[PDB]
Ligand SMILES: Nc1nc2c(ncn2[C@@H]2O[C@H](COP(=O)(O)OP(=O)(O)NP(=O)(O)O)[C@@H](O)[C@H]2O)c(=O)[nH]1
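Taking the form solved without this ligand, here's one chain by itself in structure tokens.
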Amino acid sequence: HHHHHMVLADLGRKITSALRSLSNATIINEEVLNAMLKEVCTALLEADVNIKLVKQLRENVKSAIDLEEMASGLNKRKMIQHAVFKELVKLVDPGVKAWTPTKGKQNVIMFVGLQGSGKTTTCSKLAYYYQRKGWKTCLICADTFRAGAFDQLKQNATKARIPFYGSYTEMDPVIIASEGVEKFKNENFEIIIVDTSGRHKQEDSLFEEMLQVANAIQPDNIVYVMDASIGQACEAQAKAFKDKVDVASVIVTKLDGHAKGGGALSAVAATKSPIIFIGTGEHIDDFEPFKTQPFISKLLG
């Protein structure tokens, strides 16, 4: 796994090629600019970005660039590249600030996801992240001890030395969560992370159980964990989540190993749901916060 410098390397290679050709054109004119936008738009469609979002990006770049009469002192090939960079950041950016825990407060974070989302590993990763930043953090499994994800979260918590709460008798996941959050609030924890059952294929049953547990524990933030390998079909998925909760965040997994990561990122951003982290592998530190400007910076660098 040495081949690429960025998860969107194939998209980035096509965009930097387009931009290099424009910066090397002997004269910069509308034909040269349009040739570049064509290559950029095509690369984004080949990354499974939705046509509507690709058409809007092109509009925006053409609206930002005024070739005919232009500012004295500007390098106009550089201005065009900055216009494209800026519009690529917008394309993966929700336009909205994500919720963050407050220091000195108790913060309850509830996870939801469909089967195959990587929800449960993502829980321990978020806990490790906050534990490493000096927060007193804990995990609750609001699920039956017979579920595979119960042992999974417990063994992950043990290795990381993160306090874990599950029940070895209680059948009702709502009661489990309530009891778990009560215990950890009483023990002065700052970050309290609640994993729910991931054994849902349909949104219907997933969002049903989601509201049951939400109402019981009053979470400060709900994180939807999504498999990004479905590309732009992430939009409908993210919209339905966002319409059902007030304080909504998304963590994307499976962003690698396929060509559709740009589509997935831009679909979620199109719903104005902020992706807060990316899960990048099997290990507990395979995890990174999602910052759009540095993300696009590293891609085109």
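In this text, residue numbers run from 1 along the sequence as written. Between two forms, the rigid core is defined as the largest C-alpha subset superposing within 1.5 Å.
As the entry records it, the average C-alpha temperature factor is higher for 206-214, out of 136-144 and 206-214.
In this entry, the higher average B-factor at the C-alpha atoms falls on 166-174, of the pair 166-174 and 147-155.
The entry assigns its greatest Cα B factor, within the set 250, 51, 245, 267, to 245.
Across the residues 70, 41, 259, 276, the deposited record lists the maximum Cα B factor for 70. When all modelled residues of the chain are sorted by CA temperature factor, residue 8 is found within the lowest third.
Compared with the other modelled residues of the chain, the Cα B-factor recorded for residue 46 ranks in the lowest third. Among the modelled residues of its chain, residue 35 has a C-alpha B-factor that falls in the middle third according to the deposited record. The PDB entry assigns residue 62 a C-alpha temperature factor belonging to the highest third of its chain's modelled residues.
Ranked against the other modelled residues of its chain, the C-alpha B-factor of residue 116 as given in the entry falls in the middle third.
What follows is about the form deposited with this ligand bound, which we do not show.
The candidate stretches are 211-219, 95-103, 114-122, 132-140, and the one lying within 4.5 Å of this ligand in the entry with it bound by heavy atoms is 114-122. Although this ligand is omitted here, in the entry with it bound none of 239, 266 and 274 has a heavy atom within 4.5 Å of it. Note on the partner interface in the entry with it bound: the residue among 144, 81, 107, 152 having a heavy atom within 4.5 angstroms of this ligand is 152. Though the partner is left out of this view, residue 292 does not reach within 4.5 Å of this ligand in the entry with it bound, counting heavy atoms only.
Among residues of the shown chain, residue 58 is not one whose heavy atoms approach this ligand to within 4.5 Å in the entry with it bound. Not displayed here, this ligand is approached by residue 200 to within 4.5 Å at the level of heavy atoms in the entry with it bound. Using a 4.5 Å cutoff between non-hydrogen atoms, residue 249 does not count as a contact of this ligand in the entry with it bound. Shift analysis on the rigid core between this form and the one not shown singles out 94 from 180, 163, 94, 101 (C-alpha displacement of 2 Å or more).
Annotation for residue 280: C-alpha shift under 2 angstroms between this form and the one not shown, rigid core superposed. With the core held fixed between this form and the one not shown, residue 154 has its Cα displaced by under 2 Å. A displacement of less than 2 angstroms separates the C-alpha positions of residue 190 between this form and the one not shown, with the rigid core held in common.
A shift of at least 3 angstroms brings the Cα atoms of residue 222 and residue 271 nearer to each other in the entry with it bound than in the displayed structure. The Cα-Cα distance between residue 128 and residue 257 is shortened by 3 Å or more in the entry with it bound relative to the form shown here.
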